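Notes follow the structure.
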Ligand SMILES: Cc1cc2nc3c(=O)[nH]c(=O)nc-3n(C[C@H](O)[C@H](O)[C@H](O)COP(=O)(O)O)c2cc1C
């Protein structure tokens, strides 16, 4: 709740989605998200965030995000995302399930952090090794 306030003042790139609506659409996007991705609000409001994914996005990573959403818990992962002009960037992605006072999930918050090639090489390597383990 103030978590979201904290992201605003930290000027982060994030969206909030509403899983009560079909296909878990975006109901808010920060200015930082618009700047990073090059989309406008009209393009993304009421839409699922998968438009950030492209042909070279690791599907194992997308799957990890899917399970956390199905279970209503938190995770992070580094994957390839795509801007509106089709240019790419490395995204250290974080997602949190927001629960109400009764413990029911009301929202998801996805924070996008653009990261370097150097950083991404290490983390995706570690992710590949984790996947190879299981
Ligand atoms: C709050 C939120 C933020 C999201 N942000 C991203 C993102 O930055 N990058 C990404 O590749 N997927 C993002 N997604 C994941 C997709 O929306 C989708 O949940 C994922 O691709 C798995 O579900 P699907 O198989 O139905 O596409 C986000 C999802 C949520 C709920």
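Numbering (the deposited numbering), first residue to last: 239 to 372. Each residue gets a CB set at the ideal place from its N, CA and C atoms; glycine is no exception.
- Query: Can you find at least 3 beta carbon pairs, one from the segment 251-271 and one from the segment 350-359, that sit closer than 8 angstroms?
  - Reply: yes
- Can the beta-carbon of residue 318 be found closer than 8 angstroms to that of residue 325? No; because the gap between Cβ atoms is not below 8 angstroms, this pair is not in contact.
- Task: Identify which residue in 245, 282, 242 has its Cα closest to the Cα of residue 261.
- Result: 282
- What does the shell around ligand 1 hold, if a residue joins when its beta-carbon is under 6 angstroms from any heavy atom? 253, 255, 262, 286, 287, 288, 290, 291, 300, 303, 304, 307, 317, 319, 329, 331, 333, 346, 347, 348, 350
- Message: What ranges does the beta strand (DSSP E) occupy inside the segment 256-334, keeping only unbroken runs of at least 3 residues that lie completely in it?
- Response: 264-267, 313-320
- Quick one, which of 323, 357, 346 has its alpha-carbon nearest residue 267's? 346
- Going by DSSP, which residues form a beta bridge with residue 350? 251, 331
- Task: Please state if the CB of residue 263 and the CB of residue 288 are separated by a distance shorter than 8 angstroms.
- Result: no
- Task: State buried or exposed for residue 390, treating a residue as buried only when at least 16 other CB atoms are found within 10 Å of its CB.
- Result: The shown model of the chain, from 239 to 372, leaves out residue 390, and the question about it has no answer.
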